[PDB]
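So the protein lines, in turn, are chains P and Y.
When the letters of the first sequence are read in order and numbered with the UniProt record's numbering, they come out as residues 35 to 195, 201 to 253, 262 to 403, 411 to 436.
When the letters of the second sequence are read in order and numbered with the UniProt record's numbering, they come out as residues 35 to 195, 201 to 253, 262 to 403, 411 to 436.
Data block below; observations after.
There are 2 protein chains.
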Amino acid sequence: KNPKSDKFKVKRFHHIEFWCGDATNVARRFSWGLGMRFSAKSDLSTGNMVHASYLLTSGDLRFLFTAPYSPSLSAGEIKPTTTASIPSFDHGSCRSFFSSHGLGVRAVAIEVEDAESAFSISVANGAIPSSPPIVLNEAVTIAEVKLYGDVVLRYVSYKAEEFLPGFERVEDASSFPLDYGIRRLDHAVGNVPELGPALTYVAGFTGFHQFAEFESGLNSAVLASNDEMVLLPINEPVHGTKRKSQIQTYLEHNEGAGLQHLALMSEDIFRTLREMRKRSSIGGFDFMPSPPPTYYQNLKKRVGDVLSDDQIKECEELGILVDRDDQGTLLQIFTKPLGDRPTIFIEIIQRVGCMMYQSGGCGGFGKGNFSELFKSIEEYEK
Amino acid sequence: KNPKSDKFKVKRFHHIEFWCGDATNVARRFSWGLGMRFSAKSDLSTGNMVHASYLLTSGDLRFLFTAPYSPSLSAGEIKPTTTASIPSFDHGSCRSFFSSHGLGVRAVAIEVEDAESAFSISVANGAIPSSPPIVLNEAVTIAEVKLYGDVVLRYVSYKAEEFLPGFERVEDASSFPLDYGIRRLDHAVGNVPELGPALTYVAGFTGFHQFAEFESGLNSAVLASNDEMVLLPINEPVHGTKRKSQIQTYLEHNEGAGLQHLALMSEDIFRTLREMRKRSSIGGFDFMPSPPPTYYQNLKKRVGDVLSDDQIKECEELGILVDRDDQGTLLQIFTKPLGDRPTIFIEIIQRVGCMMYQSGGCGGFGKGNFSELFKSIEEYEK
Ligand SMILES: CCOC(=O)c1nc2ccc(C(=O)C3=C(O)CCCC3=O)c(C)c2c(=O)n1-c1ccccc1
Ligand SMILES: CCOC(=O)c1nc2ccc(C(=O)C3=C(O)CCCC3=O)c(C)c2c(=O)n1-c1ccccc1
Ligand SMILES: [Co+2]
Ligand SMILES: [Co+2]
């Protein structure tokens, strides 16, 4: 059941912005680890005396890394005379965010038809405004409202129908064409102390609807746009369990609510994981410990009609997890945390089925892999 | 002339510590870019609830990357009950340092015979104390005094004659044996507003002596230990020049004095620069723009008795600079800034001559390359 109740026209995920202390080192690490190309910049070399911002792209996926310069470089500026390319940026907010949370996502940005209308309708329906609509070079409009914690939902709309004005394309000599197969952001997941009030708030101002699902330490629910291509799952911890909830660990180490993981769709998850795993110990990303062979022995009875024995052994080599709902099949794997704190991590996913284009959320989000991993663990103990 | 006036016994450079906002991403970037191995850690997995610290090694070179956790993780601790492995660490100091300066060196650490004696003698001779001597697991003693800006000179002494107590060796699966030929720290350079008072201060409390030298925007001088293996150059800006002093640009973007560059000795600078340059656009480090061919044409008359025509063409391919004093020859090159701000960078060097072992500072520090580059620039204009 999809009531298609969006209160304004939403297109697709546009970009994800990390707030950093040094944008250069995080961007360069991420570029090598994930196979993303340096495509645009806004920094001292482009006249930005306020913040350094570097954009990585892989297919339609856009990762932005931003850090503040010394305020003294821009102490003479006022908002009318700012050299910042992202006018919502604030030195104090950014330093407060990074000191509170460490490295993490500040903005989940979605493209809309009309960012000024989206902002107005959202705030009229309970959204807490974060940065009012601002028109950049008469071409792009950006506005921000609070999503959860210190994470904002960023609306971006373009008149034309090239990232943002004041960003410059990166010199091809500095722009190496890395590509490990990642193509787009599939979903973005938040952790909160209380799921109910978080859902009521976000569904309240967006009109997003609850996306149908099928001892883990969590309760979760997924908000979706009309065509279910913008997917925003939210988790709360379940307390009193034998094993401590990873949602509660997140909230403690993050100093509260924030973005838990980014799920990145790959057009070939086997190629992506081969390429990422080759770089784990040479500057890239690490992956969670693989499931036992019993898990992959049990893959025959569950998805033997979807993957061959060879495609299943390839899953075992790479530690890929597999889940399935009534519509389709999900291949997924999780990285270890991206930075110092046990907070944000990345998911790589590929979805099989639901062809009409592929419909959103085909195969679900892998909640079956909680019980399946418990089973395979005790089963492998033997 | 070397009076050998050290006021306490100094051995060698021990390590360099960067203060970071996220130690993981900087360490992983540096490891790939410079070919350094992950060798030790102190973090949540080792019981450290205060700071995350990761050590990279290449030969005798030790780079330490440290970032603060949320203070809430350790809010119940007191200094007697601390879980920090580096007891001088302070959350507030570290956040204040990174917000003021961005990514940079907090500590230049030298090994001494007796860190408690070095601290006492230094402070008795004018050093500003930063952290008093503390004995770690009855095995290592660490003490810190102010060097310049917010950079400290760190004394480390060992009873035995394994980095620091509470650090753990890194699992060999997570420890990839990268090596591009870098072997040790040759010198560490500071930028200050006023060279005179900075030299008087540091020479005052160490007994280090001035190391003999042979429109650039700087005045400089080099302080050296008794065997001239600890080398601490210091720069001040020269104002009123046609081209703005890079020392003044450093001071402005850094919010004052601090460490300008680290010079890393390579056992084979050609291999090091081939390996680093292959990785510049895939997560590693960039190099300053190469000198014109006239510079390399003029390399015949200056060092033709030291390098063959083939060893000189190899310099031209890699953009290596060459200088020479009355004792030996210096091959060197400079990276672009390591992070967002035009502040800290790295020098790669190899020294030829002065065999007795090789004596310290053989060939000087390349101050001849200022005039030689001006000449080659206008000469290449032609
Ligand atoms: C035994 C370990 O493996 C697991 O059970 C496991 N299954 C998962 C299945 C799915 C998802 C996921 O994507 C997600 C959503 O997108 C929507 C809302 C619900 C949700 O959770 C995630 C994060 C996990 C996961 O984090 N874990 C895990 C991994 C290591 C440590 C502890 C837990
Ligand atoms: C025309 C550009 O090249 C250059 O003239 C140049 N020569 C250098 C020669 C030597 C040293 C050096 O190591 C150092 C010491 O160790 C001891 C004290 C004095 C000192 O300076 C350095 C940093 C440079 C240097 O930074 N530059 C440069 C590079 C790009 C931009 C502007 C200046
Ligand atoms: Co997910
Ligand atoms: Co130097």
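Heads up, the beta-carbon is just placed ideally off N, CA and C, and yes, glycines get one too.
{"Item": "Neighbouring residues, chain P, relative to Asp387 of chain Y (Cβ below 8 Å)", "Value": "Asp56, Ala57, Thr58, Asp77, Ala86, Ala101 and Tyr103"}
{"Item": "Local conformation of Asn159 of chain P per DSSP, three classes", "Value": "coil"}
{"Item": "Beta-carbon gap between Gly246 of chain P and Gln293 of chain P smaller than 7 Å", "Value": "no"}
{"Item": "Short-range partners of chain Y found in the region 290-303 of chain P, where Cβ spacing is below 9 Å", "Value": "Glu299, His300, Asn301 and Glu302"}
{"Item": "Distance cut-off 6 Å: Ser327 of chain Y Cβ against heavy atoms of ligand 1", "Value": "no"}
{"Item": "Span separating the alpha-carbon of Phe123 of chain P from that of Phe131 of chain Y", "Value": "21 Å"}
{"Item": "4 or more residues per run - each alpha helix (DSSP H) lying fully within the region 262-309 of chain P", "Value": "293-301"}
{"Item": "Per DSSP, the bridge partner or partners of residue 468 of chain Y", "Value": "There is no way to answer for residue 468 of chain Y, as the model of chain Y reaches only from 35 to 436."}
{"Item": "Pick from P:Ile162, P:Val139, P:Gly110 and P:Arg188 that is closest to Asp148 of chain P, judged by C-alpha positions", "Value": "P:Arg188"}
{"Item": "Alpha-carbon to alpha-carbon, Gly67 of chain Y and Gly417 of chain Y", "Value": "27 Å"}
{"Item": "Where the beta strand (DSSP E) containing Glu435 of chain P begins and where it ends", "Value": "Note, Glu435 of chain P: premise wrong, no beta strand (DSSP E); alpha helix (DSSP H) at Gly422 to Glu435."}
{"Item": "Where the alpha helix (DSSP H) through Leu68 of chain P begins and ends", "Value": "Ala57 to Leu68"}
{"Item": "Bridge-paired residues (DSSP) for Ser191 of chain P", "Value": "P:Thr175"}
{"Item": "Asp56 of chain P beta carbon less than 7 Å from that of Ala109 of chain P", "Value": "no"}
{"Item": "Among P:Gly303, P:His308, P:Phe334 and P:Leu306, nearest to residue 517 of chain P - alpha-carbon criterion", "Value": "No answer is possible for residue 517 of chain P: the residues shown for chain P start at 35 and end at 436."}
{"Item": "Own chain residues within Cβ distance below 7 Å of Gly69 of chain P, not counting five before or after", "Value": "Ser92, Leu217, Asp218, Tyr219, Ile221 and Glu322"}
{"Item": "DSSP beta-bridge partners of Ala86 of chain P", "Value": "P:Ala101"}
{"Item": "C-alpha gap between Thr376 of chain Y and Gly422 of chain Y, whole angstroms", "Value": "11 Å"}
{"Item": "Chain-ordered neighbours of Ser133 of chain P on chain Y, where CB pairs are closer than 7 Å", "Value": "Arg129"}
{"Item": "Under 8 Å from the C-beta of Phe215 of chain Y: neighbouring residues of chain P", "Value": "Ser328 and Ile329"}
{"Item": "Per-residue burial, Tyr411 of chain P [other beta carbons within 10 Å of its own, 16 or more giving buried]", "Value": "exposed"}
{"Item": "Any non-hydrogen atom of ligand 2 within 6 Å of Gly366 of chain Y CB", "Value": "no"}
{"Item": "Burial state of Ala74 of chain P (16 or more Cβ within 10 Å)", "Value": "buried"}
{"Item": "Amino acids of chain Y, ordered along the chain, whose beta-carbon sits closer than 7 Å to that of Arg62 of chain P", "Value": "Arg63 and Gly330"}
{"Item": "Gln397 of chain Y - containing beta strand (DSSP E), residue span", "Value": "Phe392 to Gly400"}
{"Item": "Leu385 of chain Y: CB within 6 Å of a non-hydrogen atom of ligand 2", "Value": "no"}
{"Item": "For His135 of chain P and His135 of chain Y, the rounded distance between their alpha carbons", "Value": "20 Å"}
{"Item": "Residue interval of the beta strand (DSSP E) (run including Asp225 of chain P)", "Value": "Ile221 to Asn230"}
{"Item": "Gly331 of chain P versus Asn59 of chain P: straight-line alpha-carbon distance, rounded", "Value": "12 Å"}
{"Item": "Bounding residues of the alpha helix (DSSP H) (the contiguous stretch that carries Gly126 of chain P)", "Value": "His125 to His135"}
{"Item": "Nearest neighbour of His85 of chain P, chosen from Y:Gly414, Y:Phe428 and Y:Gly386 [CA to CA]", "Value": "Y:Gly386"}
{"Item": "Assigned exposure category for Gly235 of chain Y - 16 Cβ within 10 Å defines buried", "Value": "exposed"}
{"Item": "Contact under 7 Å by Cβ, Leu107 of chain Y with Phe97 of chain Y", "Value": "no"}
{"Item": "Proximity test, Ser267 of chain P beta-carbon vs ligand 1 heavy atom, cut-off 6 Å", "Value": "yes"}
{"Item": "Chain Y within 7 Å of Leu137 of chain P, Cβ atoms only", "Value": "yes"}
{"Item": "First and last residue of the uninterrupted beta strand (DSSP E) at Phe47 of chain P", "Value": "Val44 to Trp53"}
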